Every structure is written in C-alpha cells, then in structure tokens.
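Report on the structure
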Amino acid sequence: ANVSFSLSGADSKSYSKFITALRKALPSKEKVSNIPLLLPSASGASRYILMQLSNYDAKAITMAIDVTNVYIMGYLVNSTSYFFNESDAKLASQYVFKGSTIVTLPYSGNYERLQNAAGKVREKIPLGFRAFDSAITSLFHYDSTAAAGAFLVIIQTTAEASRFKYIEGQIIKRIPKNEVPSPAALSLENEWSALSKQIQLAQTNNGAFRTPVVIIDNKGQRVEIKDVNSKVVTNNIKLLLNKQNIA
Ligand SMILES: *[C@@H]1O[C@H](CO)[C@@H](O)[C@H](O)[C@H]1NC(C)=O
Ligand SMILES: *[C@@H]1O[C@H](CO)[C@@H](O)[C@H](O)[C@H]1NC(C)=O
Ligand SMILES: *[C@@H]1O[C@H](CO)[C@@H](O)[C@H](O)[C@H]1NC(C)=O
C-alpha cells in the first residue's frame, strides 16, 4: 500500500502523520494559492493509490483511491474485492487488486446513495477512533447490512480529513469519545468542489471569488467565503479538485 494506518497504539500524532502521508501520496504538478492542485487526469494503474487500514485487533483491509478526486473506489480483504456500483469504480477494477474475485456493491459511492443505503444521514453518524475501528471490522467481514454506514465513517475519516485541516481536527477531538461531526464539517465536505473551483478562478480575478461559497460555521451561522485571503483558504483546505473535473 502507498499509505497505511493502524489503530493499535495510535494517538493524535500518529493519526496526523498518516493524514499528512495521504496528502503527500497524491500526485500534484503544482500549487494554487499554496494549495496542491490534484491532477486533471491519470491513466491506468497510476490513477490509484492504495491505503491500508488495520483495526485494534490488527485486522486489515486495503482501499483503492482515485488520485484525481480522492474518492474511494472499493477495497480488498482476503482475496475478494468490493467496488462501488459506478463507472469510475468499474474502471478501477480493471487496474487494482488484480487476481481477486470482484464483487460489485449494491450502491454507488456518493453521499446521498450511501445515506439512503445506511438509512441514516451524516449528521447522525458518530465519528472517532472506536467508530473507525468498528467500521473497519464491518468491512473486514463484509457485514452487508453495516457496509454503507462503515463507508460513511471511513470516507470522512480519511478522504475528507485529507482535504480539510478542520475535519482532520474533528477526528482528533473524537479520539477519546465518538461524536457526530459538527455542521461546519459537513458544510466543508459539501462545498469542496465549489471551493476548489473558486480558488482557481480567483487566480485571474485578483484573489476574489467569481461566486462566493457559502458554508456554516462552528457557531451554526451562515458565512460567505469570497476571496483567497479567507482563513478557510490559508489555513484549512489542503487539496484542490482540478477545475477540469468540476464544471
Ligand atoms: C503507489 O504504490 C505503487 C505500488 O508500489 C507504485 O507503483 C506507485 O508509483 C505509488 N504511487 C504513488 C504516487 O506513490
Ligand atoms: C448497478 O446499478 C445498475 C443501475 O445503474 C443496475 O442495473 C445493476 O443491477 C446494479 N448492480 C448491482 C451490483 O446492484
Ligand atoms: C477474511 O478472512 C477472515 C479470516 O478467515 C474472516 O474472518 C473474514 O470474515 C473474511 N472476510 C471476508 C469478507 O470474507
């Protein structure tokens, strides 16, 4: 695997080192406003990196991540791989976990689909170390009725934390006790592509966003980000979705 993390003996520093390693494992040819810009495209196997995760009992699964968007495609346990039911995952299955028995999951990997499958919205799914441990166990034995919920936990704990310092911070605060994420965290998840797009457009607009991005803050209030001097841009977002993959 290109990156790996083990919950056994982990603390806030080992988690942060892992997230930092995930961010550096993603290819990038340039930075925009000091933030690494993801590749507009990649071909073959080079389009994916592998992330190995082990729970407290040392049971491990390996997940494949699409480097152009940090989306999880599927995962491998024993000699069976499971991929989301969507075209990008179907393509990924042609290049990773070669030789494994490929199982197609009954849902795609976007949040709306996963929430419906799990029967619960992100606002009510606890995150933290024990939740992470529990999610890995569910996928390790492929408990089909818990998989969607397990993906919701893992995606936010890895992919979303790699995209935003604030979300990385949310997991750290939840190490001693699981707790649902804040509305602010979910707001950043939903606006990642919009923020990525505006930061790139701002480059030929003297730092100002063409269209303000609206999120909600830690106090539950509506806040507008309209320029690259915002704290969200200088000290929060850590990866940018390439504009060619937005609109
Ligand atoms: C990820 O690991 C694979 C397998 O060793 C390697 O071929 C590939 O170059 C790595 N990708 C990156 C960008 O680290
Ligand atoms: C995947 O989704 C398609 C519709 O987009 C459906 O026809 C197919 O049966 C699904 N496969 C699985 C594994 O559920
Ligand atoms: C993988 O093998 C382990 C050890 O036999 C087993 O506990 C686990 O359920 C298997 N996972 C799947 C999804 O088959």
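Residues numbered from 1 in each chain as written, not as in the entry; some residues may be left out. Chains lettered and ligands numbered in written order. Heavy atoms only, no water.

If you check the header, you'll see the entry was determined by X-ray crystallography and the resolution is listed as 2.00 Å.

In the region of ligand 3, the neighbouring residues are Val77, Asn78, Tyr82, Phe140, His141 and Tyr142. One nitrogen or oxygen atom from the main chain of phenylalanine 140 is found 2.8 Å from a nitrogen atom belonging to ligand 3. Coverage of ligand 3 by the protein chains reaches 53% of its 360 Å² of free accessible surface. For the shell around ligand 3, the residue count by class is four nonpolar, two polar and no charged. (Near = heavy atom within 4 Å. Polar contact = N/O pair within 3.5 Å; in protein donor to acceptor, adjacent residues only side chain to side chain. Areas by Shrake-Rupley, 256 points an atom, 1.4 Å probe, with all protein chains shown as cover. Nonpolar A, V, L, I, M, F, W, Y, C, P; charged D, E, K, R; others polar.)

So, on to unusual backbone geometry. One non-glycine residue, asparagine 78, lies in positive phi territory at about 55°. Summarising the element assignment, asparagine 78 is placed in the loop between β6 (71-77) and β7 (80-83). Classification of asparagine 78 by relative accessible area gives exposed; the value is 68%. A positive phi angle is found at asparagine 206, which is not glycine, with a value near 55°. (Helix = DSSP H or I, 4+ residues; strand = E, 2+ residues; numbered from the N terminus. Buried < 20%, exposed > 50% of the residue type's maximum accessible area, 1.4 Å probe, protein only.)

Turning next to the site of ligand 2. Within the structure, ligand 2 sits among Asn85, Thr104, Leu105 and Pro106. A distance of 2.4 Å separates an oxygen atom of ligand 2 from a polar side-chain atom of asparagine 85. Here ligand 2 loses 29% of its free accessible area of 370 Å² to cover by the protein chains. Considered class by class, the residues forming the shell around ligand 2 number two nonpolar, two polar and no charged.

With that out of the way, let us pick up the UniProt feature "active site" in the protein chain. Under the UniProt annotation, the feature "active site" is placed at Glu160. Inspection of the secondary structure assignment puts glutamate 160 in helix α5 (residues 147-163). Using a relative accessible area of 2% as the deciding quantity, one classes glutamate 160 as buried. Setting aside residues up to four positions removed in sequence, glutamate 160 forms contacts with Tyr111, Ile155, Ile167 and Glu189. In this structure the side chain of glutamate 160 is engaged in a polar contact, spanning 2.6 Å, whose partner is the side chain of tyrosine 111. (UniProt positions renumbered as here; feature names shortened; annotations may be inferred. Contact = heavy atoms within 4.5 Å.)

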